[PDB]
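What follows is one structure encoded as structure tokens, with my remarks underneath.
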Amino acid sequence: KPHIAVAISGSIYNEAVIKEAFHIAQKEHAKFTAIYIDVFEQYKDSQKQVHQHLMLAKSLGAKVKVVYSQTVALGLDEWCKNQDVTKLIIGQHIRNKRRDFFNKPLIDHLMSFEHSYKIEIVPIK
Ligand SMILES: Nc1ncnc2c1ncn2[C@@H]1O[C@@H]2COP(=O)(O)O[C@H]3[C@@H](O)[C@H](n4cnc5c(N)ncnc54)O[C@@H]3COP(=O)(O)O[C@H]2[C@H]1O
């Protein structure tokens, strides 16, 4: 039942995460999905990057999905649980100035959510 999802964002780093996610799904003969959580609440004019990253993953054999949610973490966690993801592939958070609650690393919320799927963090090359 191997379902591997790559978590899409508009960061420049996400493209490398897509390619590594492709290698992991291939080397594991897994079903390959790309999930972007659209949240209105910033990163001015990254809608083109997302668009690009989603197409890249489509061109690598992934089914792409867009989910609208209040939060990145809620969207991803609910979506992974409903689609029976077995591993979610995400990029490395790098700390910046904003140390408020919704600028915490995505992984802190998934951990607090007691994620039931594996999570693979891909660092920057
Ligand atoms: N559009 C953007 N432009 C510039 N910088 C951005 C950005 N979106 C996020 N970043 C920041 O840089 C890090 C890049 O994480 P990456 O996208 O490679 O890997 C991301 C991504 O795989 C996933 N993810 C992040 N946002 C997502 C979203 N809206 N929907 C689905 N997956 C998301 O979480 C991983 C770690 O996210 P985290 O927020 O903790 O860390 C993110 C964030 O601190």
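These numbers come from the heavy atoms of this one structure, side chains and all, not from hydrogens, waters or symmetry mates. Residues: numbered from 1 along the sequence shown.
Hydrophobic clustering (ILVMFWY, side-chain heavy atoms < 4.5 Å, transitive): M55 and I35 are in distinct clusters.
Checked by atom type, the side-chain pair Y117/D77 shows a donor-acceptor distance below 3.5 Å. Neither side chain, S9 nor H53, offers a donor N or O lying under 3.5 Å from an acceptor on the other.
Each of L76, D38, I37 was evaluated against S69; a single residue qualifies, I37, per the side chain to side chain contact (heavy atoms under 4.5 Å, CB included) test. For the side chain to side chain contact (heavy atoms under 4.5 Å, CB included) with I121, the qualifying choice from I89, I90, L88 is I90, the only one to do so.
Rounded to the nearest 0.5 angstrom, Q49 CD and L56 CG are separated by 12.0 Å. The OH atom of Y36 lies 8.5 Å from the CG atom of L54; values are rounded to the nearest 0.5 Å. A distance of 13.5 Å separates NE2 of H23 from CD of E28, quoted to the nearest 0.5 Å. The CD1 atom of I24 sits 14.5 Å away from the NZ atom of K19 when rounded to the nearest 0.5 Å. For the atom pair CD1 of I107 and CD1 of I119, the computed distance is 4.0 Å after rounding to the nearest 0.5 Å.
Between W79 and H3, the ring planes lie perpendicular to each other; the angle is over 60°, past the 30° to 60° tilted range.
Smallest separation of non-hydrogen atoms from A57 and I18: CB-CG2, 3.6 Å. Taking all atoms of both residues into account, the shortest heavy-atom contact from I4 to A25 is CD1-CA, 3.9 Å. Closest approach of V6 and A21 over heavy atoms only: CB-CB, 3.5 Å. For the pair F102 and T71, the tightest heavy-atom approach, listed with the atom from each and the gap, is CE2-CG2, 4.1 Å. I124 and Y13 make their closest contact through CG2-CD2, 3.4 Å (heavy atoms, listed as atom of the first residue, atom of the second, distance). In this structure, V39 and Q70 approach most closely via the heavy-atom pair CG1-O, 3.0 Å.
In this structure a side-chain-to-backbone donor-acceptor pair under 3.5 Å is missing from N14 to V17.
The aromatic ring centroids of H109 and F101 lie less than 6.0 Å from each other.
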Show your working on side-chain contact (heavy atoms from CB on, under 4.5 Å) between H93 and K104 and close with a plain yes or no. CA-CA 9 Å; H93 173 267; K104 297 173 63 173; over 6 Å; no
